[PDB]
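4 protein chains.
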Amino acid sequence: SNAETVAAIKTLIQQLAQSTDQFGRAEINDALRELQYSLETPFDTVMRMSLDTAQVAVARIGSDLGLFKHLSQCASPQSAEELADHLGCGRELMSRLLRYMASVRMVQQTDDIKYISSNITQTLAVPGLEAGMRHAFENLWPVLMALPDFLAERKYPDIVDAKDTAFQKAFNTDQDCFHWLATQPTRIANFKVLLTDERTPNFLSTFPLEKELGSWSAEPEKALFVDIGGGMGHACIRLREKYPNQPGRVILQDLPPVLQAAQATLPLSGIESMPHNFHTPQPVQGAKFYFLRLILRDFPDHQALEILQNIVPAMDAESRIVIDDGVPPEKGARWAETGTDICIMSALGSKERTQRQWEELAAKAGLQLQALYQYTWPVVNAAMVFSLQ
Amino acid sequence: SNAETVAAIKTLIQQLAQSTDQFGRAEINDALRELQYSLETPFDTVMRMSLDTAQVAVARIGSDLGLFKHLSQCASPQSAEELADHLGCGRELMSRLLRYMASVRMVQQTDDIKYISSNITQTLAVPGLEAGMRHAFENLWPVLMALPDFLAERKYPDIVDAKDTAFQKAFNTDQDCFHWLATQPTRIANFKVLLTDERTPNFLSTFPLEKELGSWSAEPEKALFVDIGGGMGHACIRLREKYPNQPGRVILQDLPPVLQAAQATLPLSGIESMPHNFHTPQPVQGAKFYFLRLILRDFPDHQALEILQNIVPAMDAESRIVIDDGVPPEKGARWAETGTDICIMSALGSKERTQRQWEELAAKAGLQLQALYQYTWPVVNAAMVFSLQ
Amino acid sequence: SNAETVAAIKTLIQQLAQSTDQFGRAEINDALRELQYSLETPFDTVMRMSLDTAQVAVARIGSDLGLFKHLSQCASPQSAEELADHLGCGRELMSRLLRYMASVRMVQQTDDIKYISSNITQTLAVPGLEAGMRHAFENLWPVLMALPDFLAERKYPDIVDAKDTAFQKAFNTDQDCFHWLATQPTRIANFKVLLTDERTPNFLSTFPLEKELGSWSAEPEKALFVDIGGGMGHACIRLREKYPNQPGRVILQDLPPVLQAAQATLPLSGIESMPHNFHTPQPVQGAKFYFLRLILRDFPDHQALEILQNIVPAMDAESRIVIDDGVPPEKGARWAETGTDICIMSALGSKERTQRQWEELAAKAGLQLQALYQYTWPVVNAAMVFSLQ
Amino acid sequence: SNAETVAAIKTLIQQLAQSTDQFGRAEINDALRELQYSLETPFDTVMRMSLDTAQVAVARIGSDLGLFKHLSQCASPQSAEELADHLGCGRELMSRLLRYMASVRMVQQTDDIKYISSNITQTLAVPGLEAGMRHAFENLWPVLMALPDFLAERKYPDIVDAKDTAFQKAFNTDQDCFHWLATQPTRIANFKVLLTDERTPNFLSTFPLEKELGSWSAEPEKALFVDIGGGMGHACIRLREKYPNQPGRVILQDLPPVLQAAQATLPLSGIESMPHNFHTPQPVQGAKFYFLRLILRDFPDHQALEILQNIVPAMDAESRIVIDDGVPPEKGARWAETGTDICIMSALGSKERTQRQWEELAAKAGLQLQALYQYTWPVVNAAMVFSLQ
Ligand SMILES: C/C=C/C=C/CCC[C@H](C)C(=O)c1c(O)c(-c2ccccc2)c[nH]c1=O
Ligand SMILES: C/C=C/C=C/CCC[C@H](C)C(=O)c1c(O)c(-c2ccccc2)c[nH]c1=O
Ligand SMILES: C/C=C/C=C/CCC[C@H](C)C(=O)c1c(O)c(-c2ccccc2)c[nH]c1=O
Ligand SMILES: C/C=C/C=C/CCC[C@H](C)C(=O)c1c(O)c(-c2ccccc2)c[nH]c1=O
Ligand SMILES: Nc1ncnc2c1ncn2[C@@H]1O[C@H](CSCC[C@H](N)C(=O)O)[C@@H](O)[C@H]1O
Ligand SMILES: Nc1ncnc2c1ncn2[C@@H]1O[C@H](CSCC[C@H](N)C(=O)O)[C@@H](O)[C@H]1O
Ligand SMILES: Nc1ncnc2c1ncn2[C@@H]1O[C@H](CSCC[C@H](N)C(=O)O)[C@@H](O)[C@H]1O
Ligand SMILES: Nc1ncnc2c1ncn2[C@@H]1O[C@H](CSCC[C@H](N)C(=O)O)[C@@H](O)[C@H]1O
Ligand SMILES: [Cl-]
Ligand SMILES: [Cl-]
Ligand SMILES: [Cl-]
Ligand SMILES: [Cl-]
Ligand SMILES: [Cl-]
Ligand SMILES: [Cl-]
Ligand SMILES: [Cl-]
Ligand SMILES: [Cl-]
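Protein chains in written order, with the entry's author numbering: chain A, -1 to 387; chain B, -1 to 387; chain B', -1 to 387; chain A', -1 to 387. A prime marks a further copy of an entry chain.
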């Protein structure tokens, strides 16, 4: 029975996935993807490429309607008619959307053709994760749609500049992405929500802080941790939580509107909010750790170098710059890393960097790599610790 | 070992897949997709939705460069430098594109970071399949990108009309999709290549021709088979190949430029080419089978009914209309059926139809279902045989 | 590749087995046995039955030579020549024995044809487990070899009497098994070593001692626990270890030579050693628990009933008899339970008993079942708690 | 759910086993055995060794009762009571035997505690396979039971002589096994039935007969195939069946009582029956193939050599001796090969021989190996083709 074999495959893979940790499950997931691509027919390859696109548009519709939040609060299965009337959607349209969503697990369909939430329903109901999906639709899609004709018209140049990539064609502007976004309040509002998502795990799961501290003294009143472009301060909060007895100033640096958003959820004491533009010289002198998490991947080499050169004059011999970012391998990189590389090339002119490419960038700022502490697998995020040469 | 477990999963799934037939492999692939969606983390759900989009854009770039056709005929692994110089691409751009393609199996990357064809490379090198991918990029993507805001601004109506759906917003026109496309030479040229793809299996694998004929007789120059909108005539060719001694005319009906393109590959005798617009009265009277394959799914009910009403006056008591099309189930429909439904809703105002919906449509034309012969699974395509009521 | 498929099966089963507990692994092992029996060819069925017998004979030879104890303490692989010379075995004989042992995992053979311990080597080096294997060879095998012709010559009677079963034919005696064994010094010495094996888990993992005690009070030098035929006293030791502050005497009852052997490993206080023959009236009056673990399965109903009838006059209203023994199900019993049933039928005239059969036996002694506490699965051992009717 | 996981393991292994051929299934079976042995607890190891022995005794009882033949003819499930009354067995004994048999798949137990035949029931109902089981019980078991004390009393000698092994102790005789068996009519009768079993596959599945023939001429009246000790002539029958047009005499040689048994099932023409004792000079001169299947493994080197030396003088330059027998590997031999080695050592003083050991034996007869044609895996049986040196 082919149905019996499929059911047994599902049982065994679900059991193997429970038998391991999140990194093992991520490896299983990538294997399932590779198996699919290798087992599909040629026609199914093109069908998959033609249709998987629709998931983002339909998630965006469900988000607009409030469907995922509503369904995640429902105590019993709901009919399409009930959902349509409650959310203000045409009954036929709602039925067709829900049938599509159930087929890609965006919701679950029951045996009597009613609907309940799935894991994906709950995910899309979370404001920060919903904002990530809406970002993909409104900011990533236009840039990817413009990229092939941009490259064709320009005879396939290497993209190296934030002011000369697919973004300018997609949005009919000469500004770079970050400058243009600052003029679009609806997009700024979505980014504000996006900043509330906290990635897990984080670098403190593997970072040997006491080892890296050595004999560094916080006395008289030195800074332990300067979180440069720290957003909502999640790194600062987790640091104080994990190391509540380590002395030294912990400083969140970001732009004033972001620091105001962060205030509601920062601890009452122990974390300073310091307005600071990281394109200017670093004001905090002689801190133990200057921390840059997912900052430098958004910038081409010239601008990333300037950010580092703004920090180096503040360092003393014991200071370290900690770059927490993606470190793809030299070969066999996975779709999350290479896909991110193509997207930030097209929107920002930047790139993902291997360890050798990080070291080459840091060397231009007078820095040398002392240690690298991986904390995710198989897609590598790592805290890279640099000192003065 | 995580690597050892992952390799063992791949080995066992591959062995199970090779032991079943194409329909069993399709069921396995659908299960792998379901497992992937159920095992991903919330962040990975959003990352998947954010990035899987890039596959179509990068395939379009590879098609523009001629990369897949070139790699499919190479007899040894090629470096990114060699490919860039041969195809006229910037070397860094080519390297980043190839790394992305390898991570989604669009090519294969070797242990010394060179590149060879994968199954997907060969697929994208086939002109008809390449054309399907280009169609997804240039025709489906803009309509899907317009659908969420189209529905929002119109307060979520049921889409019922080809002249009032997302297409009009996407391409800034009041024309319906088919009328507009016929004004766009480059898009027409891609559709001509798309028609060269022949789907397998086909309805003749399960259609009981002898039983359906009964004592039918061709005595007065009558037609056995009229292929309405038959494209390149694949159904006529396969019919003559499988039943070479069955009497009766076999007639391919389409518009003149498609019949012209079909001539090169049609047999030199046995199949007549007859220009005919299926929005006009059917000229062939009393044929045994009037055959409509993947025609009516492109039209809303009102227009699909008019196509049928142009045939019914030509029928005698022995005539049958054979609708060969998708028959999604009442529940548990799969992503290929529901995804198609949402795309053709957005571009064409049409829909996929359950068996009951096909019967309701045909009844408005005065037709009754006599037999239904499935020939694919689990996504069902079937030849539905209708007679006069 | 057959080798690759086989390796992948092993990897996946190993991973599934390590992800469950000991009871889950027992269920997996029973499924592997069932699969093996269902997938063997008819010839392989007979070959398996013909040859699996040799494992006991070869283990006995390895035990006689001291091979498993020696190999378990070796720090490097040993050649067959080295083992033969050390153990005093002909070199060709030793080589052929070791090749056989490696093929059934009794040792492991290395890639350069030397030998190291396997899990089974270590098992057969443990004195109590080695003694169980020697018992199978010298006591169980002769009775099983005599059973078919014993039943044939007697026209297939129900075996009901310890003095009239296959044992008498196998050892050419009119004595029952236990009486005869007590005349055979070498066999007695092996049983003494066998008693040093402690089964895990034990009944204290699920026995709700506090609930079963209720308001029981030890005030007049009363006994909490009387271990009847307790052997080395493992149940008394575990009880004192788990409930060190519970008042009440804890008493180990057995025959003098077994109590003597127990002294070396008993705690120096807290457990009394009391010589007592359980075929005679119980001397300890009004104890809370009279405990019989794996005693009554060795006796037919008439003798098991007499053992219980020697205890019941010592009971007061609060006393309980706790029978800790196998409780096979009414259907679907597993090979360990039914195999034991056939062996003890042939040697001892006794039987395994379902819960209903235990209740019927105990009712003849005027006892009623109050509670049953399983502590192993899927082959069930349980502590059955009986009170006066 | 652990029950769900076990069910899925069974489904997937059953599907993998159907996806391959008999050799692949044999490899899977050996892997299942290895997994069991590696996953059992120490206690379960000794329990398995103690109890698996009982299968042979219980199969022997079922054979005595006619149970397997009766159940294999039953059209519906049978109760233990019905089976007991029909076969003349005590009702309790029958119930306990059937429960044991169901737990080792010797029969199947239904949900309402009735019994139906399994694959093993059908196997044990086949006369030749039943005879193999009865041989294991009455001839192999006594020799294995005597082997440990035989070796101990003799200080572990290398066994080299058919008149000085465990057989003489087991059966209290000074005769060798084959000479003693000739005086025991009940054992001779079982061997007669055993000879009717035909092993599959056979050497003709891979033997390149036309290649090995070369230009050999059967003219004037030469012998193609001389089946030395050919038993019922299965090799001769299959040869004539597969190669019906190859000329040349095909001659079955065996002892007169065996040739008389063979007559009923030999073809009416084309195969000669020739009484011949293979301890005397071969009478047929200059045959192309002198065939010895599973003959020489029953003899120590001295006697096996004499059998070959009786053939060599009959050979001309084109003659070949074909030894069809087991060829275990130099390392990693499997339980069927090593177990057979231990059994024939104990009963016959002989041995299984590697390819090098076959070549060394044949070289003493003036023979050289020309080709080796395997036809079973993973346990190797092969047709080894030898010519004059
Ligand atoms: C080699 C081809 C592989 C294709 C795989 C799946 C294609 C999915 C895709 C939504 C599909 O099915 C259909 C269309 O796009 C269209 C259309 C025709 C013109 C403009 C827009 C859409 C009509 N009618 C369809 O059905
Ligand atoms: C909850 C969020 C989930 C997201 C998962 C995958 C996100 C993939 C995505 C290409 C990504 O990584 C990045 C960006 O889009 C951008 C950006 C910022 C502004 C405009 C366009 C792109 C910058 N820098 C990035 O790195
Ligand atoms: C239908 C039969 C199935 C048997 C499967 C396995 C048989 C294993 C078994 C040790 C075997 O192989 C051999 C013998 O017992 C004997 C023998 C002959 C006479 C007396 C004792 C042993 C000779 N020579 C053998 O080779
Ligand atoms: C370390 C030990 C491992 C043992 C695993 C399974 C042993 C199976 C085995 C049939 C078993 O259970 C029993 C006996 O042999 C006996 C006995 C006692 C004296 C003589 C003969 C049999 C009594 N009562 C039993 O129950
Ligand atoms: N010029 C600038 N100076 C300081 N912060 C900036 C900046 N431009 C952008 N940023 C901030 O950089 C952050 C990038 S995203 C937040 C990443 C953060 N380090 C984390 O991992 O949680 C945003 O908070 C944004 O407000
Ligand atoms: N008005 C019209 N009259 C006749 N054919 C038409 C038409 N409009 C579109 N078509 C044809 O309808 C076909 C739709 S796709 C081809 C489907 C074909 N029946 C097959 O399965 O092989 C195209 O060949 C197109 O040329
Ligand atoms: N007549 C008798 N009186 C008391 N003990 C006896 C006896 N006959 C046998 N025994 C003891 O009964 C025990 C059987 S085996 C030991 C079982 C023990 N209850 C346990 O599970 O740990 C042996 O210790 C043996 O010495
Ligand atoms: N001295 C002897 N001369 C000829 N045949 C003998 C013999 N001693 C035993 N045999 C025969 O050798 C055979 C061994 S078993 C049969 C094996 C046979 N070659 C086959 O594969 O089918 C028996 O038929 C037995 O009768
Ligand atoms: Cl701390
Ligand atoms: Cl890579
Ligand atoms: Cl198809
Ligand atoms: Cl058919
Ligand atoms: Cl146990
Ligand atoms: Cl408890
Ligand atoms: Cl032939
Ligand atoms: Cl070996």
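Even for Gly, the Cβ is constructed at its ideal location relative to N, Cα and C.
If the cut is a Cβ gap below 9 Å, which residues of chain B does residue i touch?
i, result
"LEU253(B')", "Correct list: empty, because the minimum Cβ distance to chain B is about 53 Å."
Alpha carbon to alpha carbon, how far is residue i from residue j?
i, j, result
"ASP296(B)", "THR336(B)", "14 Å"
"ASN188(B')", "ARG89(B')", "29 Å"
"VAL224(B')", "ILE11(A)", "50 Å"
"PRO155(A')", "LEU69(B')", "21 Å"
"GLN283(B)", "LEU250(B)", "15 Å"
"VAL310(A')", "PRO40(A')", "54 Å"
"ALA260(A)", "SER101(B)", "37 Å"
"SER348(B)", "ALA160(B)", "7 Å"
"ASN308(B')", "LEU290(B')", "13 Å"
"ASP252(A)", "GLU79(A)", "47 Å"
"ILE293(A)", "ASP322(A)", "8 Å"
List the residues of chain A' that residue i touches, going by C-beta distances under 9 Å, in chain order.
i, result
"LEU30(A)", "Simply none; closest approach about 16 Å."
Buried or exposed for residue i, please, with buried defined as at least 16 other CB atoms from any protein chain shown within 10 angstroms of its CB.
i, result
"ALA150(A')", "exposed"
"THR43(A)", "buried"
"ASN243(A')", "exposed"
"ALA315(B)", "exposed"
"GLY86(A)", "exposed"
"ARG354(B')", "exposed"
"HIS232(A)", "buried"
"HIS177(A)", "exposed"
Who are the neighbours of residue i on chain A, taking C-beta pairs under 7 Å?
i, result
"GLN13(A')", "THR3"
Interface residues of chain B' around residue i at Cβ under 8 Å?
i, result
"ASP225(A')", "Chain B' residues near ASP225(A'): none, gap ~21 Å exceeds 8 Å."
Which chain A' residues sit within Cβ distance under 7 Å of residue i?
i, result
"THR9(A)", "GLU2, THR3, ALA6"
Assuming the contact rule is C-beta atoms closer than 8 Å, residue i and residue j should be a hit. Round their C-beta distance to whole Å, please.
i, j, result
"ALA380(A)", "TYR373(A)", "7 Å"
"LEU145(B)", "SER344(B)", "5 Å"
"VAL191(B)", "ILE340(A)", "The pair is not a contact, with the Cβ atoms about 27 Å apart (cut-off 8 Å)."
So which residues of chain B' does residue i contact, with C-beta pairs closer than 9 Å?
i, result
"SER17(A)", "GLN13, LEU14, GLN16, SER17, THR18"
Query raised in the report: Which of the residues in the region 83 to 107 of chain A', read from start to end, lie with their CB under 9 Å from any CB of chain B'?
Result: Here the close residues are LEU85, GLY86, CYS87, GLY88, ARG89, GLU90, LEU91, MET92, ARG94, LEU95, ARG97, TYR98, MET99, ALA100, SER101, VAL102, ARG103, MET104, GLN107.
**Report entry** Cβ-based contacts, 9 Å cut-off: residues of the region 51 to 80 of chain B near chain A
**Finding:** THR51, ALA52, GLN53, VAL54, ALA55, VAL56, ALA57, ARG58, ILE59, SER61, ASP62, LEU63
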